[PDB]
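No lab work stands behind these numbers, since they all come straight from the coordinates. Cβ placement follows ideal geometry from the backbone for every residue including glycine, while neighbour counts extend to all protein chains displayed.
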Ligand SMILES: CC(=O)OCc1ccccc1
Ligand SMILES: [Cl-]
């Protein structure tokens, strides 16, 4: 397993504009287009991202290229963030994937409230970090996704995805 297979399982694949769990227009493998309620704004964001007039539909190749850019962007966001990079560098390869997964879903700002979890992860207090991560809006709104990611942090294995 690797980060691309993990996120493909968590996000699925849809080739037409859809709404995510929060109601935001999204396409492909979890690519957020806009938080605006306007479908026309979302369609404009899509055409800009793809470079052609899509009318709300993309190919599988396009979805996979967007996904590669989005994973790249998540990793770059971790590496440029002075709070996240030291924690990321302390983790093994499997747990790094759980870290990217959370940034992909919530962004650098969505993880800003997780200061206490980050310290426990850096100290390798896995069970304690798992409990702290579950005390969140994230866990309460998307519990199955959160359980898979938390289990990955707790165990350092892919067992939640097998
Ligand atoms: C708050 C959290 O558990 O996010 C995981 C993480 C760890 C290091 C860098 C980015 C995200
Ligand atoms: Cl869920």
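Flag not set for residue 87, criterion: in a helix (DSSP H, G or I), within 16 Å of the chain's Cα centre (by Cα) and in contact (Cβ under 8 Å) with a residue 12 or more places away in the chain.
For residue 87, the stated conditions hold: it is surrounded by 18 or more Cβ atoms within 10 Å (Cβ to Cβ) and farther than 15 Å from residue 138 by Cβ. Keeping to segment 105-162, report how many residues are in a loop (DSSP other than H, G, I, E, B) and either farther than 21 Å from residue 83 by Cα or touching a strand residue (DSSP E or B) at 6+ places or on another chain (Cβ under 6 Å) (or both). Total meeting the criteria: 8. Summed over segment 88-114, residues that are away from ligand 2 (no atom under 16 Å from the Cβ) and either closer than 12 Å to residue 133 by Cβ or touching a helix residue (DSSP H, G or I) at 6+ places or on another chain (Cβ under 8 Å) (or both) total 15. When segment 1-58 is filtered for residues that are in contact with a helix residue (DSSP H, G or I) (Cβ under 7 Å, 6 or more places away or on another chain), surrounded by 15 or more Cβ atoms within 10 Å (Cβ to Cβ) and without any contact (Cβ under 8 Å) to a residue 24 or more places away in the chain, the ones remaining, listed by number, are 25, 33, 34, 49, 50, 54.
Condition first: over 9 Å from the mean Cα position of the chain (by Cα) and over 16 Å from residue 139 (Cα atoms). Now tell me which residues in segment 96-114 satisfy that. Passing the criteria: 96, 97, 108, 109. When only residues in segment 13-52 that are part of a loop (DSSP other than H, G, I, E, B) and under 21 Å from residue 99 (Cβ atoms) count, which is nearest to ligand 2 (Cβ to nearest atom)? The residue in question is 21.
Of the residues 72, 61, which is closer than 22 Å to residue 30 by Cβ, part of a helix (DSSP H, G or I), over 18 Å from the mean Cα position of the chain (by Cα) and free of Cβ contacts under 8 Å to residues at least 12 places away in the same chain?
61
Given the criteria outside any loop (DSSP other than H, G, I, E, B), closer than 29 Å to residue 48 by Cβ, touching a helix residue (DSSP H, G or I) at 6+ places or on another chain (Cβ under 8 Å) and more than 9 Å from ligand 1 (Cβ to nearest atom), does residue 77 qualify? No: the conditions fail for residue 77.
Of everything in segment 129-148 that's within 15 Å of residue 6 (Cβ to Cβ) and free of Cβ contacts under 8 Å to residues at least 60 places away in the same chain, which residue is farthest from ligand 1 (Cβ to nearest atom)? Among those residues, the one meeting the criterion is 144.
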